[PDB]
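The data below hold one chain only, encoded as structure tokens and taken in the form deposited in one PDB entry.
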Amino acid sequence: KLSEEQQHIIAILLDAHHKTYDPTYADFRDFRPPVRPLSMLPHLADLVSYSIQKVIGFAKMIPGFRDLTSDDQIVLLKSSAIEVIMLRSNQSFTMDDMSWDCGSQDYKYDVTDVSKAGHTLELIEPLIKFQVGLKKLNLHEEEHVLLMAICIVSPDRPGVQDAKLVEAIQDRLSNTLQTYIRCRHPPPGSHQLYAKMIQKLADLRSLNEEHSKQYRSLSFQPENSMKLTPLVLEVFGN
């Protein structure tokens, strides 16, 4: 069953998430104002930038993450950043209208807002489909934080050095998730739940890939790169 360590792992992750995800979305007011020719870029650039900071705050609390070297921690964050932001955004996504509801109407985002950031349906369509399938899973918050932590500590991320150590940390998280599903997730919602969760990690790899492509495209234009932030440039590329 759920050993003491595993129960500890869940509590730590839950708290780490609670300390990095503000469901009141109060900070969105500090971002450059959203405008509804890439009129949403300044706003979403700031939102993404803000989100990267929050994802880092979460990662540092992942039991074992700090044991990794500086370079491996950096490699994991740069490669998973966009994936965890997509994954954590599911919390504000609504299947009512396929949009992300972050408090007010000014901070309620849809397919048009993302396109107005310079992205095409080649990314947006599968992004919504992802959000929909993840939502359909109705994960317990415990499963949600474990999935984000597992996504961050992935051994196959390019540039990783101590893959062995990275894999050990992730396996400890995986076994925690698997065991939690058996012991705390009642059927039928638990039916192949683990496998479906891992499929979403594969889905994220594909989304990451497409995002990077469109990002390289968008940021290649100095006028667009100019509207981004220093953190976004450092993490996503320059």
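For the two forms, the rigid core is made up of the largest set of C-alpha atoms that agree within 1.5 Å on superposition. Note that residue numbering follows the sequence shown and begins at 1.
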Inset, instruction - Could you bin the unmodelled part of the deposited chain lying between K213 and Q214 as none, 1 to 3, 4 to 9, or 10 or more? - result: none
Legend entry - Between 102-110 and 69-77 (mean CA B-factor, as deposited), the higher: 102-110
Inset, instruction - Report the stretch with the higher mean CA temperature factor, choosing between 160-168 and 139-147 on the basis of the entry. - result: 160-168
Inset, instruction - Choose from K60, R36, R205, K196 the residue with the greatest Cα B-factor as stated in the PDB record. - result: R36
Legend entry - B-factor third for the C-alpha atom of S225 within its chain: middle
Legend entry - Entry-reported Cα temperature factor of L201, expressed as the chain third it lands in: lowest
Legend entry - Chain-wide C-alpha B factor ranking for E83, given as lowest, middle or highest third: lowest
Inset, instruction - Would you check the entry's CA temperature factor for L231 and let me know if it's in the chain's lowest, middle or highest third? - result: lowest
Inset, instruction - Could you tell me which third, lowest, middle or highest, the C-alpha B-factor of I12 occupies within its chain? - result: lowest
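Just so it is clear, the following notes concern the form deposited in another entry, a form of the same protein that is not shown.
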Legend entry - Residue among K213, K60, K196, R205 with C-alpha shift of 2 Å or more between the shown form and the other one, core superposed: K213
Legend entry - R184: Cα shift of 2 Å or greater between the shown form and the other one (core-aligned): yes
Legend entry - Distance direction in that other deposited form for the C-alpha atoms of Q170 and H191, relative to the displayed form (3 angstroms or more): closer
Inset, instruction - Over in the other structure, so in that other deposited form, do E167 and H191 pull closer or drift farther apart at the C-alpha level? The difference is 3 angstroms or more. - result: closer
